[PDB]
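Here the structure comes first, spelled out in structure tokens, and everything after it is commentary.
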Amino acid sequence: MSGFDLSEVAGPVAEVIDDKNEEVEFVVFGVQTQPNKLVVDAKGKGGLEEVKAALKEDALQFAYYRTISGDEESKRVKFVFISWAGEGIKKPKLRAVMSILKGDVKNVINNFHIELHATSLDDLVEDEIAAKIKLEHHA
Ligand code: NA
């Protein structure tokens, strides 16, 4: 529905999910226009902090990472999906595409335990997301 090229998405998503690809635990995607396409902004080892480091105040981005949840045993792998619309984005037409683009992205990034929308780094706090995961686990 969005008109964006998502060709770059599936590969790295599979990398994050793949337990045997230990070199990739997160990915951050950025958004290019004319032509409208997602690209990889960052990808590697790490989690939330690494994602946060890659999120830009003037950008529309998406992120996806793996984390562990458990009390402990059973420790289980959980996946976090974040949409990001920085408070510095200059074009309100780009802000407006967020939800339709997000929907297309979630059809590729279909395996997640929590979804968060953030506009500030304060929206993304490890303990808060861990507690949310622990909650969705026992629902
Ligand atoms: Na991986």
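Chain labels follow the order of the structure tokens: the first chain is A, the next B, and so on; residue numbering restarts at 1 in every chain, and ligands are counted from 1 in their shown order.
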Within 6 Å of ligand 1, counting only C-alpha atoms and all ligand atoms, residues as a PDB file with N, CA, C and O atoms, in the first residue's frame:
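Saved the output as part12.pdb:
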```
ATOM      1  N   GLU A  15      18.409 -12.174   9.287  1.00  0.00           N
ATOM      2  CA  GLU A  15      19.666 -12.221  10.014  1.00  0.00           C
ATOM      3  C   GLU A  15      19.474 -12.098  11.535  1.00  0.00           C
ATOM      4  O   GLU A  15      20.097 -12.744  12.347  1.00  0.00           O
ATOM      5  N   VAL A  16      18.633 -11.085  11.923  1.00  0.00           N
ATOM      6  CA  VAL A  16      18.327 -10.924  13.344  1.00  0.00           C
ATOM      7  C   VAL A  16      17.684 -12.163  13.952  1.00  0.00           C
ATOM      8  O   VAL A  16      18.165 -12.607  14.970  1.00  0.00           O
ATOM      9  N   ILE A  17      16.699 -12.704  13.284  1.00  0.00           N
ATOM     10  CA  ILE A  17      16.010 -13.871  13.744  1.00  0.00           C
ATOM     11  C   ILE A  17      16.923 -15.107  13.837  1.00  0.00           C
ATOM     12  O   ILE A  17      16.783 -15.867  14.718  1.00  0.00           O
ATOM     13  N   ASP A  18      17.849 -15.236  12.910  1.00  0.00           N
ATOM     14  CA  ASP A  18      18.679 -16.423  12.834  1.00  0.00           C
ATOM     15  C   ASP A  18      19.589 -16.486  14.037  1.00  0.00           C
ATOM     16  O   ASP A  18      20.484 -15.760  14.169  1.00  0.00           O
ATOM     17  N   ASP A  19      19.325 -17.470  14.874  1.00  0.00           N
ATOM     18  CA  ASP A  19      20.085 -17.706  16.071  1.00  0.00           C
ATOM     19  C   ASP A  19      21.535 -18.043  15.750  1.00  0.00           C
ATOM     20  O   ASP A  19      22.377 -17.836  16.539  1.00  0.00           O
ATOM     21  N   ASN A  21      23.229 -16.784  13.198  1.00  0.00           N
ATOM     22  CA  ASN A  21      23.915 -15.657  12.669  1.00  0.00           C
ATOM     23  C   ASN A  21      24.093 -14.771  13.875  1.00  0.00           C
ATOM     24  O   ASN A  21      23.315 -13.796  14.093  1.00  0.00           O
ATOM     25  N   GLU A  22      25.151 -15.014  14.638  1.00  0.00           N
ATOM     26  CA  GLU A  22      25.447 -14.256  15.817  1.00  0.00           C
ATOM     27  C   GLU A  22      26.020 -12.893  15.584  1.00  0.00           C
ATOM     28  O   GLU A  22      26.041 -12.116  16.512  1.00  0.00           O
ATOM     29  N   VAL A  24      24.608 -10.634  13.710  1.00  0.00           N
ATOM     30  CA  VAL A  24      23.541  -9.647  13.496  1.00  0.00           C
ATOM     31  C   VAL A  24      22.465  -9.907  14.524  1.00  0.00           C
ATOM     32  O   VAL A  24      21.770 -10.900  14.531  1.00  0.00           O
ATOM     33  N   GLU A  25      22.251  -8.919  15.404  1.00  0.00           N
ATOM     34  CA  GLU A  25      21.277  -8.959  16.506  1.00  0.00           C
ATOM     35  C   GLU A  25      20.303  -7.748  16.380  1.00  0.00           C
ATOM     36  O   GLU A  25      19.282  -7.765  17.058  1.00  0.00           O
TER      37      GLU A  25
END
```
Check the DSSP output for the backbone and give back, as a PyMOL selection string, the residues of chain A in strand (DSSP E or B). chain A and resi 5+26-32+37-44+60-69+76-85+114-118
Write the residues of the preceding selection, restricted to N, CA and C atoms, as a short mmCIF file (atom, residue, chain, number, x, y, z; two decimals), in the first residue's frame.
```cif
data_model
loop_
_atom_site.label_atom_id
_atom_site.label_comp_id
_atom_site.auth_asym_id
_atom_site.auth_seq_id
_atom_site.Cartn_x
_atom_site.Cartn_y
_atom_site.Cartn_z
N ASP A 5 9.73 0.95 -1.80
CA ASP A 5 10.53 -0.24 -2.07
C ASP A 5 11.10 -0.76 -0.74
N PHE A 26 20.63 -6.72 15.66
CA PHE A 26 19.75 -5.58 15.41
C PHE A 26 19.93 -5.02 14.05
N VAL A 27 18.92 -4.31 13.54
CA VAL A 27 18.98 -3.52 12.36
C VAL A 27 18.19 -2.26 12.49
N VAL A 28 18.70 -1.18 11.94
CA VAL A 28 17.98 0.11 11.83
C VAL A 28 17.86 0.45 10.39
N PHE A 29 16.64 0.76 9.90
CA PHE A 29 16.39 1.18 8.59
C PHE A 29 16.08 2.65 8.49
N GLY A 30 16.67 3.27 7.51
CA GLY A 30 16.31 4.62 7.15
C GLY A 30 15.48 4.68 5.90
N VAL A 31 14.95 5.85 5.65
CA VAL A 31 13.96 6.06 4.61
C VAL A 31 14.48 7.06 3.61
N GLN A 32 14.60 6.66 2.35
CA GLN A 32 14.93 7.55 1.24
C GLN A 32 13.67 7.78 0.41
N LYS A 37 12.26 4.37 -0.76
CA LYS A 37 12.91 3.08 -0.45
C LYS A 37 13.41 3.07 0.99
N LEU A 38 13.40 1.90 1.64
CA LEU A 38 14.11 1.74 2.87
C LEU A 38 15.55 1.25 2.61
N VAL A 39 16.44 1.70 3.43
CA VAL A 39 17.86 1.29 3.36
C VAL A 39 18.31 0.90 4.73
N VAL A 40 19.40 0.17 4.83
CA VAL A 40 20.00 -0.11 6.13
C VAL A 40 20.85 1.06 6.62
N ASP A 41 20.47 1.63 7.75
CA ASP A 41 21.29 2.61 8.45
C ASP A 41 22.35 2.01 9.35
N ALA A 42 22.02 0.95 10.05
CA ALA A 42 22.95 0.27 10.90
C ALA A 42 22.56 -1.23 11.06
N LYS A 43 23.53 -2.10 11.29
CA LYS A 43 23.28 -3.47 11.45
C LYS A 43 24.46 -4.10 12.12
N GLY A 44 24.20 -4.92 13.11
CA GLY A 44 25.31 -5.56 13.84
C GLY A 44 24.95 -6.21 15.09
N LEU A 60 12.84 9.74 9.91
CA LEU A 60 11.84 8.63 10.03
C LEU A 60 12.63 7.31 9.86
N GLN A 61 12.57 6.45 10.85
CA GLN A 61 13.35 5.19 10.84
C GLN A 61 12.55 4.05 11.39
N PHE A 62 12.99 2.81 11.22
CA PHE A 62 12.47 1.65 11.84
C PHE A 62 13.55 0.83 12.47
N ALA A 63 13.34 0.08 13.46
CA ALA A 63 14.33 -0.74 14.03
C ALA A 63 13.77 -2.04 14.44
N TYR A 64 14.60 -3.08 14.51
CA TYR A 64 14.24 -4.41 14.86
C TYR A 64 15.40 -5.11 15.55
N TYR A 65 15.22 -5.65 16.74
CA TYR A 65 16.29 -6.31 17.45
C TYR A 65 15.80 -7.49 18.30
N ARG A 66 16.75 -8.34 18.63
CA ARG A 66 16.51 -9.50 19.46
C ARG A 66 17.02 -9.24 20.85
N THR A 67 16.31 -9.82 21.80
CA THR A 67 16.63 -9.71 23.21
C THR A 67 16.20 -11.00 23.93
N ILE A 68 16.57 -11.15 25.18
CA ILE A 68 16.21 -12.35 25.96
C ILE A 68 15.26 -11.99 27.10
N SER A 69 14.26 -12.82 27.33
CA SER A 69 13.37 -12.60 28.49
C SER A 69 13.19 -13.91 29.25
N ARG A 76 14.11 -17.05 26.84
CA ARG A 76 13.59 -17.17 25.52
C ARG A 76 14.01 -15.89 24.76
N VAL A 77 14.16 -16.08 23.48
CA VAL A 77 14.45 -14.99 22.53
C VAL A 77 13.16 -14.26 22.27
N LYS A 78 13.23 -12.90 22.30
CA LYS A 78 12.10 -12.06 22.01
C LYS A 78 12.58 -11.01 21.01
N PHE A 79 11.66 -10.55 20.16
CA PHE A 79 11.96 -9.58 19.13
C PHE A 79 11.19 -8.31 19.36
N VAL A 80 11.85 -7.19 19.22
CA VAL A 80 11.30 -5.83 19.45
C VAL A 80 11.28 -5.12 18.12
N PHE A 81 10.13 -4.52 17.73
CA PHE A 81 9.91 -3.69 16.57
C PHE A 81 9.68 -2.29 17.00
N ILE A 82 10.42 -1.32 16.51
CA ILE A 82 10.27 0.09 16.83
C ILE A 82 10.05 0.84 15.57
N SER A 83 9.04 1.74 15.51
CA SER A 83 8.91 2.83 14.56
C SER A 83 9.37 4.15 15.19
N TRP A 84 10.08 4.97 14.45
CA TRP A 84 10.69 6.16 14.97
C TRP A 84 10.37 7.30 14.05
N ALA A 85 9.84 8.44 14.61
CA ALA A 85 9.58 9.67 13.92
C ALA A 85 10.17 10.77 14.77
N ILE A 114 6.83 -7.19 20.83
CA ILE A 114 6.38 -5.92 21.20
C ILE A 114 6.62 -4.97 20.06
N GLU A 115 5.75 -3.97 19.89
CA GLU A 115 5.84 -2.89 18.97
C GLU A 115 5.77 -1.58 19.71
N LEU A 116 6.67 -0.67 19.44
CA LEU A 116 6.76 0.63 20.09
C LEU A 116 6.85 1.69 19.04
N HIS A 117 6.16 2.80 19.18
CA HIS A 117 6.36 3.94 18.41
C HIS A 117 7.06 5.03 19.27
N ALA A 118 8.11 5.62 18.79
CA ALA A 118 8.88 6.56 19.59
C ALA A 118 9.18 7.79 18.76
#
```
Quick one: of A:75, A:102, A:138, A:132, who's nearest to residue 1 (chain A), counting only C-alpha atoms? A:102
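Considering the residues A:110, A:87, A:120, A:71 and counting only C-alpha atoms, residue 133 (chain A) has its shortest atom-to-atom contact with A:71.
Among the residues of region 63-110 of chain A, backbone DSSP assigns helix (DSSP H, G or I) to residues 92, 93, 94, 95, 96, 98, 99, 100, 101, 102, 103, 104, 105, 106, 107 and 108 of chain A.
The nearest approach to residue 8 (chain A) among the residues A:108, A:131, A:101, A:55, with only C-alpha atoms taken into account, belongs to A:108.
Separating CA of residue 124 (chain A) from CA of residue 11 (chain A) is a distance of 24.8 Å.
Across the model, the gap from CA of residue 91 (chain A) to CA of residue 58 (chain A) is 9.6 Å.
Proximity ranking of A:59, A:112, A:74, A:122 relative to residue 95 (chain A) places A:59 first, based on only C-alpha atoms.
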Of A:119, A:107, A:99, A:34, the one sitting nearest residue 6 (chain A) when using only C-alpha atoms is A:107
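Nearest to residue 100 (chain A) of all the residues A:45, A:54, A:3, A:14 is A:3, based on only C-alpha atoms.
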Find the distance between CA of residue 129 (chain A) and CA of residue 113 (chain A) and write it in Å to one decimal. 10.5 Å
